[PDB]
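In what follows, a structure is listed as structure tokens, so that the remarks can point back to it.
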Amino acid sequence: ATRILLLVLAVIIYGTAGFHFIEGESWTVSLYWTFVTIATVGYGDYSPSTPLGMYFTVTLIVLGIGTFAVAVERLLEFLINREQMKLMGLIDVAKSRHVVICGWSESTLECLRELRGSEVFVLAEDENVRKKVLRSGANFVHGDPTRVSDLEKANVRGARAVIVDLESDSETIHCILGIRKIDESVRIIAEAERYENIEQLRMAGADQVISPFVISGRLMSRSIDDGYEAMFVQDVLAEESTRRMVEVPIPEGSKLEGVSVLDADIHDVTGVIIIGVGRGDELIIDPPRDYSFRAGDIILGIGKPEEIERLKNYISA
Amino acid sequence: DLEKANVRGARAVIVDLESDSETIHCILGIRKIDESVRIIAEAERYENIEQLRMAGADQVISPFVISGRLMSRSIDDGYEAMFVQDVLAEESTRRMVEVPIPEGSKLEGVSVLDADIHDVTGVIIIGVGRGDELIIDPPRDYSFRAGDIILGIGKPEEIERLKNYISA
Amino acid sequence: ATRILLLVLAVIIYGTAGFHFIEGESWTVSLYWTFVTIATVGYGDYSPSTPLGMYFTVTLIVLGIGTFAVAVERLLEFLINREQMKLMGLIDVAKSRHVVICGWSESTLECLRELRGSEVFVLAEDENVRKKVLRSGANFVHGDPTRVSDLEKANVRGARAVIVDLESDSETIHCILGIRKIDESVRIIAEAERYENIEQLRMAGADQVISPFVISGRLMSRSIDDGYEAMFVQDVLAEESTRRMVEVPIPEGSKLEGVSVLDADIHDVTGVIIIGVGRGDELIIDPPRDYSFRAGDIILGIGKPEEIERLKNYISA
Amino acid sequence: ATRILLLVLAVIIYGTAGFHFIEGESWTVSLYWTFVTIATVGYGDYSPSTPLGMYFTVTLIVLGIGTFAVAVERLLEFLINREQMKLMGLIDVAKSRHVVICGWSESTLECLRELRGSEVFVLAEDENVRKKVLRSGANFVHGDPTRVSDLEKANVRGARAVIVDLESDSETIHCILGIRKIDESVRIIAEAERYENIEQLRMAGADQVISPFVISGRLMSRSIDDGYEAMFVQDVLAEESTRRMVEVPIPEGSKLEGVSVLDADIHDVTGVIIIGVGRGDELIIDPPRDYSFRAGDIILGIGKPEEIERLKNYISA
Amino acid sequence: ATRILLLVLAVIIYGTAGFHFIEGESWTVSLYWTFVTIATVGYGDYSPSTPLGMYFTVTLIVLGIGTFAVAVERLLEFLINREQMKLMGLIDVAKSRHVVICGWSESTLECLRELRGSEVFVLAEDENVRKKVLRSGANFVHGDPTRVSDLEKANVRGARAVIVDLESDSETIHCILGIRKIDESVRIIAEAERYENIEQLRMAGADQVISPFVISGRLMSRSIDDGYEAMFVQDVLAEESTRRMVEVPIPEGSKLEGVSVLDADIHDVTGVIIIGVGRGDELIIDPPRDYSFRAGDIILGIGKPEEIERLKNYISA
Ligand SMILES: [Cd+2]
Ligand SMILES: [Cd+2]
Ligand SMILES: [Cd+2]
Ligand SMILES: [Cd+2]
Ligand SMILES: [Cd+2]
Ligand SMILES: [Cd+2]
Ligand SMILES: [Cd+2]
Ligand SMILES: [Cd+2]
Ligand SMILES: [Cd+2]
Ligand SMILES: [K+]
Ligand SMILES: [K+]
Ligand SMILES: [K+]
Ligand SMILES: [K+]
Ligand SMILES: [K+]
């Protein structure tokens with residue numbers, strides 16, 4: 001690593017000393033001649049005439065190819081080893097606004113199609129997950145997501161959000177409890193499996209808990225007869241065939257700060273069913289009549305994509 | 001082996017198998033046996049919601065697509081996932097209700113504007129569905145018939161005020 | 001990648017500028033001297049005499065070995081990474097008349113001995129299949145053949161034919177349904193396992209369905225007593241011991257267009273049992289007497305290899 | 001390996017011979033010119049004028065790039081092969097004061113946080129253990145720890161201590177019996193699992209036998225009612241919350257050699273409960289009143305970390 | 001591969017043509033100057049003065065580094081790919097007096113300690129066998145030993161002997177039947193497991209059949225009472241504690257050709273119990289009195305290692 005820098009400095013001290021005291025040349029000439037000889041440039045303006053001096057140069061040339069054969073084998077030992085550790089995980093994340101995904105399933109593959117590629121780091125331990133992650137454009141970190149020593153290789157202290165979706169609810173609770181020991185302020189989004197563990201995923205410290213098997217178990221048992229609410233959930237939340245659930249923010253200015261929901265009358269102007277308003281980490285589903293809008297709010301509503309355009313200009317100034 | 005389970009002449013068949021390959025292949029086998037039975041499948045990937053309908057499923061439920069889109073939308077804001085979690089999964093305050101219109105009960109022939117449902121009951125009328133077709137956001141030029149189903153979101157104190165409002 | 005091109009252009013701007021304004025040499029000389037110095041050629045016709053100029057050249061030489069050490073480590077990071085992704089699958093097919101084989105069994109190994117090597121791409125996911133495919137002379141693409149995102153890495157839109165032979169009939173139906181979503185006109189040849197799924201492999205969109213376990217199950221149960229039809233199937237279709245089933249085309253001209261099968265009388269002239277005629281994606285097994293031949297037909301028949309030579313000249317003009 | 005040294009010596013004999021007998025130059029000039037030509041230095045003071053001599057140099061130059069293309073491919077065949085064997089185990093330990101760990105579990109991961117990294121070699125055979133060992137900073141040797149031919153690749157004859165912790169007690173007894181066949185004087189620390197095998201691990205030759213499942217099984221069954229001894233074991237031996245079990249040595253001089261334990265009176269001076277004294281591979285738990293201290297003893301005691309400082313100065317001169 | 005040879009020949013045609021027709025130099029000078037410029041030697045006796053000629057050389061120099069960057073990336077694509085196929089099996093045996101070992105167990109590990117290392121090729125398919133074979137000094141060929149297409153990668157047609165020891169007796173019979181289809185004259189040594197398959201291993205074509213579980217099953221059931229024949233088998237055949245079973249050949253001359261076994265009287269002279277004589281692929285255990293020795297025979301006997309020395313000089317002339 002740095003023994004190469006000494007040996008390169010050794011042959012400049014062997015060579016310069018040899019040239020100056022045999023040819024009688026200057027110190028600035030003896031430095032200049034050694035640097036065009038080790039580098040195999042060789043202008044030939046200051047060649048050595050004496051047969052002792054001709055035997056000196058041969059020694060310097062073999063030490064020229066000598067140190068260019070120790071520096072090459074140290075570079076190629078560095079590059080084959082670094083591209084092997086980088087390939088099979090085994091590397092430390094250095095980024096600072098990335099998204100870490102603990103575990104890998106279909107629900108995390110579906111959230112890679114709405115995120116960037118090089119921003120996402122998948123921390124898993126299986127060997128088949130490594131080839132699925134590299135095909136999808138994310139980066140693979142090899143580690144146990146429940147072990148706190150391996151949650152720091154993924155750099156979850158300087159991350160934008162962490163997404164936990166593991167094989168059990170035992171590992172999901174234990175991965176949330178380990179992230180909250182490192183960084184108490186990072187955003188954790190977690191997937192529950194059983195209905196009994198939605199409360200234990202929140203007490204462990206998840207900010208958003210999503211339970212897909214409990215939603216899908218209710219829609220299965222309520223579609224045996226008619227299935228009208230399963231058509232609503234599938235066309236608005238899953239496929240977005242004709243409707244879409246949007247959240248739009250109210251900016252500064254915004255032409256409506258202060259009026260009630262009755263005087264604003266967003267539905268009959270626009271055509272968007274207003275569900276609720278997002279006043280700062282709470283959700284008021286069906287706000288009452290005398291709710292007055294503020295700045296920085298977020299309006300959640302269902303509407304056609306040609307009606308959201310009629311809304312996003314209605315609230316902008 | 002699907003005839004040992006007697007899928008011919010049943011209320012519904014619910015298919016949820018270990019892969020999407022076996023969920024499609026099970027629906028193609030039920031349609032060999034009974035063409036008219038109700039099949040409720042579960043899609044795992046997004047690309048197979050259309051292949052499960054062409055195979056013959058009457059209702060496809062894709063939970064990994066709903067959960068996948070709510071994960072990539074809750075990195076910043078997370079107000080959409082709060083609504084889904086509290087009316088579809090947990091039903092903590094509000095829940096989705098479907099109530100049918102009985103025969104000769106205060107609503108046969110009235111328009112939606114003077115039905116006045118959101119102001120006398122408090123329930124958010126999401127849509128009305130008649131005959132396996134959901135009319136989300138019914139317009140003011142719409143009338144109620146006996147047999148329609150009102151799909152709404154409301155509190156348990158408000159849902160029972162609706163079910164008395166739709167009675168004779 | 002392209003930061004190397006800037007840094008190479010940087011030292012030509014550092015060097016040329018240094019040479020011209022110290023030695024007083026021309027602009028075309030200062031460009032020529034820098035290119036024989038970075039490349040370590042060094043003719044020595046335009047060497048720098050001044051001791052400031054001799055200290056300049058040393059700086060240029062270290063920047064010569066500097067950029068030849070960043071360009072080498074970027075090439076070797078490119079080559080070790082590219083030969084590692086190419087080795088374990090993980091690469092995109094770019095060809096346009098290739099044959100894609102989804103899955104791998106003995107029936108697909110038997111159709112590699114009648115095809116080329118570099119024309120065939122095997123799309124599978126197992127790790128033991130990768131070493132069997134590389135031994136046989138085909139190319140391995142790592143992917144799930146049922147996933148439509150991995151059927152496009154194998155480039156099945158610009159393929160000659162696709163051959164589906166997977167572990168279940170569940171995966172074979174689901175791989176056919178995924179190819180027909182990409183390209184509706186490509187040719188799909190599929191292998192059925194159970195008799196109940198021959199009709200579902202055709203409705204999913206396979207052009208040719210082969211059911212080997214249904215042929216082999218009928219020959220087993222009809223050889224307990226005598227086994228005369230199992231000798232016919234084995235010597236004509238499997239081994240080709242003395243007979244062979246051929247299809248010969250009728251070309252343009254062809255000396256027989258228009259005559260009936262009775263007047264042509266192919267059997268007693270040649271010795272080939274005529275099974276049927278291939279008039280354009282249909283097969284008329286045992287055509288009647290007043291069937292008249294056309295051009296572009298295909299004649300299917302069983303005969304000895306010294307009787308097919310007596311046939312292929314009988315229909316050629 | 002050494003055929004390269006002959007071929008390099010071949011072209012110096014081809015070249016020198018060619019230069020001397022065509023140009024008529026000296027023997028010391030013909031040696032000097034060949035070494036600045038193969039190395040591509042090329043001063044150009046002794047260039048060859050004759051058109052036969054110009055055709056000679058071209059041959060020497062192609063043999064210059066010839067042997068620099070066999071020496072590079074032999075180096076790169078050496079480096080890719082050596083970094084592949086070193087990566088997956090497959091290498092011989094050459095150190096002489098290292099610590100060998102046979103097997104890998106949580107109890108050996110906990111003794112890596114109190115040891116160095118490059119001093120520790122983990123000898124195992126699993127493929128998942130290799131990635132856990134490389135993450136922790138130790139070195140992985142691939143081998144069966146029960147096989148005596150693979151205990152010598154880990155160099156357990158010149159080791160500081162060996163730590164055996166394997167999957168069974170069958171393998172732990174068989175690994176101890178194999179180390180004692182190689183080096184009878186090395187220190188073996190072994191982990192027992194069942195209570196019946198503590199005596200067979202000592203007769204096989206372990207110097208220290210630790211049985212964690214027998215300690216943990218007694219504390220579980222004696223904590224159903226009150227659990228006061230399980231609080232002592234957890235706060236002194238496991239966590240070191242407020243107390244710690246230390247061993248301090250008595251040096252030469254030491255101001256106390258010769259006095260009894262009653263006259264020294266270590267507890268009421270310091271505050272450390274004296275358990276026992278380590279007189280040379282024996283432990284006298286609760287020594288009697290007329291035990292006289294010597295030099296080179298070791299005092300085992302429990303105390304707060306602000307009381308061990310009051311002890312380590314009390315016994316030092 | 002050979003497109004590099006064209007491109008190297010391209011720039012000699014670009015360069016020579018450029019030099020001759022601008023500088024007006026000779027054809028033998030223009031060839032000589034291009035070869036000292038592409039190779040970066042650059043004597044500088046024939047430098048180009050004209051500013052058009054100085055712009056020509058720069059183009060030739062970039063094409064010099066151009067083709068030395070396509071030749072390096074083709075060499076390094078060749079070496080990383082060849083050392084990867086050679087590492088994981090995947091290579092063809094080219095030797096002609098080697099020993100092929102189909103399968104791998106303890107009985108084949110015990111016959112590697114009496115054979116050479118580079119003479120032995122182990123043909124197996126498991127991934128853990130590859131690391132055990134590389135540790136022992138043999139070479140690993142990846143293949144199925146029952147498949148005849150993979151028995152030819154191991155080159156069993158030009159082998160000294162083949163040793164079959166597989167996981168079943170089903171695979172051992174099927175590997176012998178496949179070797180005898182390739183080379184009918186090669187020597188096959190096979191290991192049986194059940195007593196019923198010793199006859200099927202000989203009819204399939206093994207030259208020597210060894211059945212270790214049938215020998216060990218008889219010695220177990222005949223050592224319950226006394227165990228005197230199990231001491232004989234263990235000390236002569238397995239350990240060679242004090243006795244050894246040797247075969248010595250009778251050479252030409254040999255001082256004893258023609259005499260009977262009674263007149264030769266080998267036991268009371270030497271001390272070696274004579275078991276039998278090996279007259280040409282047969283074994284006469286306890287030859288009768290009037291058996292006369294010949295040349296080229298082989299004498300099988302049990303004796304101490306200080307009695308075999310008294311025998312090997314008694315039969316030599
Ligand atoms: Cd999950
Ligand atoms: Cd959504
Ligand atoms: Cd499913
Ligand atoms: Cd099959
Ligand atoms: Cd055929
Ligand atoms: Cd243990
Ligand atoms: Cd302790
Ligand atoms: Cd065996
Ligand atoms: Cd023996
Ligand atoms: K030069
Ligand atoms: K020169
Ligand atoms: K050079
Ligand atoms: K040069
Ligand atoms: K290189």
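In the structure tokens, chains take the letters A, B, ... in the order shown, each chain's residues start at 1, and ligands count up from 1 in the order shown.
Secondary structure by DSSP on the backbone puts the following residues of stretch 166-200 of chain D in strand (DSSP E): residues 187, 188, 189, 190 and 191 of chain D.
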Could you please take those selected residues and save N, CA and C atoms as a PDB file, in the first residue's frame?
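And here is the file that came out, part-v4.pdb:
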ATOM      1  N   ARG D 187      -2.815 -25.144  24.396  1.00  0.00           N
ATOM      2  CA  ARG D 187      -3.911 -24.911  25.327  1.00  0.00           C
ATOM      3  C   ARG D 187      -5.243 -25.046  24.603  1.00  0.00           C
ATOM      4  N   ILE D 188      -6.100 -25.940  25.086  1.00  0.00           N
ATOM      5  CA  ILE D 188      -7.389 -26.220  24.469  1.00  0.00           C
ATOM      6  C   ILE D 188      -8.486 -25.782  25.421  1.00  0.00           C
ATOM      7  N   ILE D 189      -9.388 -24.936  24.934  1.00  0.00           N
ATOM      8  CA  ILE D 189     -10.557 -24.481  25.674  1.00  0.00           C
ATOM      9  C   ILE D 189     -11.783 -24.993  24.945  1.00  0.00           C
ATOM     10  N   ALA D 190     -12.637 -25.719  25.646  1.00  0.00           N
ATOM     11  CA  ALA D 190     -13.706 -26.452  24.996  1.00  0.00           C
ATOM     12  C   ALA D 190     -15.035 -26.184  25.671  1.00  0.00           C
ATOM     13  N   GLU D 191     -16.096 -26.284  24.887  1.00  0.00           N
ATOM     14  CA  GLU D 191     -17.452 -26.050  25.351  1.00  0.00           C
ATOM     15  C   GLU D 191     -18.240 -27.347  25.349  1.00  0.00           C
TER      16      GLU D 191
END
Within 6 Å of chain B, which residues of chain A show up when using only C-alpha atoms, listed as a PyMOL selection string? chain A and resi 107+110-111+212+214-216+224+237-238
Using only C-alpha atoms, select each residue of chain D with any atom at most 9 Å away from an atom of chain C, and give the selection as an MDAnalysis selection string. chainID D and resid 40:44
Spatial neighbours of residue D:178, 10 Å, only C-alpha atoms, chain gap at least 5 places, as a count of residues only: 11
Using only C-alpha atoms and all ligand atoms, find each protein or nucleic acid residue lying at most 9 Å from ligand 14; present the set as a compact mmCIF listing (two decimals) with C-alpha atoms, in the first residue's frame.
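part27.txt was written with the following content:
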# COMPACT_ATOMS: atom_id res chain seq x y z
CA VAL A 72 1.00 -3.81 -10.84
CA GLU A 73 0.57 -6.91 -8.69
CA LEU A 76 -4.43 -6.16 -9.33
CA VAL C 72 -6.10 0.81 -16.30
CA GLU C 73 -8.04 0.47 -13.05
CA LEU C 76 -9.99 -3.74 -15.15
CA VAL D 72 2.03 -10.75 -18.05
CA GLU D 73 -0.22 -13.74 -18.70
CA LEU D 76 -2.24 -12.69 -14.13
CA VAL E 72 -5.09 -6.12 -23.51
CA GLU E 73 -8.85 -6.36 -23.05
CA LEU E 76 -7.81 -10.27 -19.95
Using DSSP on the backbone, list every residue of stretch 157-278 of chain D that comes out as helix (DSSP H, G or I), and give them as a PyMOL selection string. chain D and resi 157-158+169-182+195-203+212-221+229-238+261-264+266-270
Any residue with an atom at most 6 Å from ligand 3 counts, using only C-alpha atoms and all ligand atoms. Which are they? Put them as a PyMOL selection string. chain B and resi 16-20+42-44
Using only C-alpha atoms, which residues sit within 6 Å of stretch 239-256 of chain E once same-chain residues fewer than 4 positions away are excluded, as a PyMOL selection string? chain E and resi 235+295-304+315-317
Contacts of residue E:261 at 10 Å or less, counting only C-alpha atoms, minus same-chain residues fewer than 5 places along, as a VMD selection string? chain E and resid 256 266 to 267 274 287 to 293
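Coordinates place atom CA of residue E:82 at a distance of 18.2 Å from atom CA of residue E:70.
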Long-range neighbours of residue E:124 as number ranges by chain, 9 Å cut-off, only C-alpha atoms, 4 positions minimum in chain: E: 101-104, 129-130, 140-145
Go ahead and write the selection's residues with N, CA, C and O atoms as a PDB file, in the first residue's frame.
ATOM      1  N   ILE E 101     -11.006 -41.223 -11.405  1.00  0.00           N
ATOM      2  CA  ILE E 101     -11.735 -41.717 -10.244  1.00  0.00           C
ATOM      3  C   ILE E 101     -13.161 -41.199 -10.339  1.00  0.00           C
ATOM      4  O   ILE E 101     -13.402 -40.001 -10.184  1.00  0.00           O
ATOM      5  N   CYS E 102     -14.106 -42.089 -10.609  1.00  0.00           N
ATOM      6  CA  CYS E 102     -15.512 -41.721 -10.707  1.00  0.00           C
ATOM      7  C   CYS E 102     -16.131 -41.836  -9.324  1.00  0.00           C
ATOM      8  O   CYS E 102     -16.218 -42.931  -8.771  1.00  0.00           O
ATOM      9  N   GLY E 103     -16.555 -40.714  -8.762  1.00  0.00           N
ATOM     10  CA  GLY E 103     -17.058 -40.690  -7.408  1.00  0.00           C
ATOM     11  C   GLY E 103     -15.970 -40.367  -6.405  1.00  0.00           C
ATOM     12  O   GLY E 103     -14.793 -40.250  -6.731  1.00  0.00           O
ATOM     13  N   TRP E 104     -16.376 -40.226  -5.151  1.00  0.00           N
ATOM     14  CA  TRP E 104     -15.454 -39.781  -4.113  1.00  0.00           C
ATOM     15  C   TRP E 104     -15.975 -40.223  -2.761  1.00  0.00           C
ATOM     16  O   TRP E 104     -17.089 -39.859  -2.381  1.00  0.00           O
ATOM     17  N   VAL E 129     -17.583 -31.814  -3.004  1.00  0.00           N
ATOM     18  CA  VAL E 129     -16.518 -32.706  -3.440  1.00  0.00           C
ATOM     19  C   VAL E 129     -15.413 -31.922  -4.131  1.00  0.00           C
ATOM     20  O   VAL E 129     -14.239 -32.301  -4.059  1.00  0.00           O
ATOM     21  N   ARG E 130     -15.753 -30.785  -4.746  1.00  0.00           N
ATOM     22  CA  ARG E 130     -14.760 -29.982  -5.451  1.00  0.00           C
ATOM     23  C   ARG E 130     -13.727 -29.403  -4.498  1.00  0.00           C
ATOM     24  O   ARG E 130     -12.534 -29.375  -4.810  1.00  0.00           O
ATOM     25  N   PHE E 140     -10.140 -31.745 -10.508  1.00  0.00           N
ATOM     26  CA  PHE E 140     -11.580 -31.942 -10.503  1.00  0.00           C
ATOM     27  C   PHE E 140     -12.154 -31.699 -11.890  1.00  0.00           C
ATOM     28  O   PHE E 140     -11.949 -30.632 -12.469  1.00  0.00           O
ATOM     29  N   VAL E 141     -12.867 -32.688 -12.417  1.00  0.00           N
ATOM     30  CA  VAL E 141     -13.639 -32.559 -13.646  1.00  0.00           C
ATOM     31  C   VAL E 141     -15.106 -32.580 -13.262  1.00  0.00           C
ATOM     32  O   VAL E 141     -15.553 -33.497 -12.569  1.00  0.00           O
ATOM     33  N   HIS E 142     -15.861 -31.587 -13.699  1.00  0.00           N
ATOM     34  CA  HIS E 142     -17.279 -31.553 -13.377  1.00  0.00           C
ATOM     35  C   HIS E 142     -18.044 -32.371 -14.398  1.00  0.00           C
ATOM     36  O   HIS E 142     -18.002 -32.069 -15.591  1.00  0.00           O
ATOM     37  N   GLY E 143     -18.747 -33.391 -13.943  1.00  0.00           N
ATOM     38  CA  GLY E 143     -19.539 -34.176 -14.853  1.00  0.00           C
ATOM     39  C   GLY E 143     -20.274 -35.267 -14.118  1.00  0.00           C
ATOM     40  O   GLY E 143     -19.956 -35.602 -12.977  1.00  0.00           O
ATOM     41  N   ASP E 144     -21.273 -35.806 -14.793  1.00  0.00           N
ATOM     42  CA  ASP E 144     -21.976 -36.982 -14.328  1.00  0.00           C
ATOM     43  C   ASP E 144     -21.196 -38.211 -14.758  1.00  0.00           C
ATOM     44  O   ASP E 144     -20.979 -38.396 -15.958  1.00  0.00           O
ATOM     45  N   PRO E 145     -20.738 -39.058 -13.838  1.00  0.00           N
ATOM     46  CA  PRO E 145     -19.971 -40.230 -14.261  1.00  0.00           C
ATOM     47  C   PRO E 145     -20.800 -41.306 -14.931  1.00  0.00           C
ATOM     48  O   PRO E 145     -20.222 -42.174 -15.584  1.00  0.00           O
TER      49      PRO E 145
END
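Between atom CA of residue B:36 and atom CA of residue B:100 the interatomic distance comes to 23.9 Å.
Taking atom CA of residue A:134 and atom CA of residue A:99 as endpoints, the distance between them is 15.8 Å.
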Using only C-alpha atoms and all ligand atoms, find each residue of chain A with at least one atom at most 12 Å away from an atom of ligand 1; report its shortest atom-to-atom pair and that distance in Å (one decimal), sort the rows by chain and rising residue number, and return the result as a tab-separated table.
residue	atom	partner	partner_atom_place_in_ligand_line	distance
A:102	CA	ligand 1	1 (Cd)	11.1
A:103	CA	ligand 1	1 (Cd)	8.6
A:104	CA	ligand 1	1 (Cd)	8.0
A:105	CA	ligand 1	1 (Cd)	6.0
A:106	CA	ligand 1	1 (Cd)	7.6
A:107	CA	ligand 1	1 (Cd)	7.0
A:108	CA	ligand 1	1 (Cd)	8.7
A:109	CA	ligand 1	1 (Cd)	11.1
A:163	CA	ligand 1	1 (Cd)	11.6
A:164	CA	ligand 1	1 (Cd)	9.3
A:165	CA	ligand 1	1 (Cd)	5.6
A:166	CA	ligand 1	1 (Cd)	5.9
A:167	CA	ligand 1	1 (Cd)	5.9
A:168	CA	ligand 1	1 (Cd)	7.6
A:169	CA	ligand 1	1 (Cd)	8.9
A:170	CA	ligand 1	1 (Cd)	11.9
A:171	CA	ligand 1	1 (Cd)	11.0
A:172	CA	ligand 1	1 (Cd)	9.7
A:190	CA	ligand 1	1 (Cd)	9.8
A:191	CA	ligand 1	1 (Cd)	6.9
A:192	CA	ligand 1	1 (Cd)	7.8
A:193	CA	ligand 1	1 (Cd)	7.0
A:194	CA	ligand 1	1 (Cd)	10.7
A:210	CA	ligand 1	1 (Cd)	10.6
A:211	CA	ligand 1	1 (Cd)	9.5
A:212	CA	ligand 1	1 (Cd)	8.7
A:213	CA	ligand 1	1 (Cd)	9.1
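Using only C-alpha atoms, the nearest neighbour of residue B:143 within the list B:109, B:102, B:9, B:29 is B:109.
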Non-local contacts of residue E:96 (10 Å; only C-alpha atoms; under 3 positions in same chain excluded) as number ranges by chain: E: 93, 99, 119, 155-160
I need the residues from that last selection saved to file as an mmCIF file, in the first residue's frame (with C-alpha atoms), if you can.
data_model
loop_
_atom_site.group_PDB
_atom_site.id
_atom_site.type_symbol
_atom_site.label_atom_id
_atom_site.label_comp_id
_atom_site.auth_asym_id
_atom_site.auth_seq_id
_atom_site.Cartn_x
_atom_site.Cartn_y
_atom_site.Cartn_z
ATOM 1 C CA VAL E 93 -8.624 -33.702 -19.694
ATOM 2 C CA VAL E 99 -6.069 -42.333 -13.505
ATOM 3 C CA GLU E 119 -1.897 -38.067 -12.436
ATOM 4 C CA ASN E 155 -10.702 -38.941 -21.353
ATOM 5 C CA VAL E 156 -11.280 -42.503 -20.146
ATOM 6 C CA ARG E 157 -10.261 -43.847 -23.552
ATOM 7 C CA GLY E 158 -6.632 -42.926 -22.985
ATOM 8 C CA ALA E 159 -6.472 -43.671 -19.271
ATOM 9 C CA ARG E 160 -4.317 -46.033 -17.264
#
